[PDB]
Amino acid sequence: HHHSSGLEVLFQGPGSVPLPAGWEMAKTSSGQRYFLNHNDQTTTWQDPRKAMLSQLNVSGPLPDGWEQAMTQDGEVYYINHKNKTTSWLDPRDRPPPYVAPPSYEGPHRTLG
Ligand SMILES: [Ca+2]
Ligand SMILES: [Ca+2]
């Protein structure tokens, strides 16, 4: 007695799968490859992407105050007129903001 596994499963490696949001890929002069993270304005060598397993059986309008614009050179970027600041990252790709901890001067109850 037993039964065989009915499992169907797809594996897609990192690099068959698109970059996470806010990231961009680039090359050095020497054609070496590296990555830019516009969510925090950093760069590293280490590809952010992760492999994907998946079982098989059983755009939009810019937020208020934001502008999409293009330099003389033809590069695309984003503008916050309510802040007078600029970014490489489409505002629409942002996740919700970090909600700061409650204030030190606030009303609270003690547990430990
Ligand atoms: Ca661009
Ligand atoms: Ca760029």
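Summary of values
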| item | result |
| --- | --- |
| Flag if residue 40 is part of a loop (DSSP other than H, G, I, E, B), surrounded by fewer than 10 Cβ atoms within 10 Å (Cβ to Cβ) and not small (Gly, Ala, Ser) | yes |
| Where a residue in the range 81-101 is over 15 Å from residue 61 (Cα atoms) and its partner, wherever it lies, is of a type in the set (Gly, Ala, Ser) and part of a loop (DSSP other than H, G, I, E, B), with Cβ under 6 Å and at least six apart | 81/65; 82/65 |
| Hits in the range 44-68 (condition: surrounded by 11 or more Cβ atoms within 10 Å (Cβ to Cβ), more than 30 Å from residue 8 (Cβ to Cβ) and either within 16 Å of ligand 2 (Cβ to nearest atom) or of a type in the set (A, V, I, L, M) (or both)) | 62, 68 |
| Filtered residues of the range 10-30 (kept if more than 16 Å from ligand 1 (Cβ to nearest atom) and either of a type in the set (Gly, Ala, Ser) or surrounded by 10 or more Cβ atoms within 10 Å (Cβ to Cβ) (or both)) | 12, 13, 14, 15, 16, 17, 20, 29, 30 |
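Cβ: placed from backbone, ideal geometry, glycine included. Neighbour counts: every protein chain shown. Any read-out appearing in this document is the output of simple, stated calculations on the displayed coordinates, not a laboratory observation.
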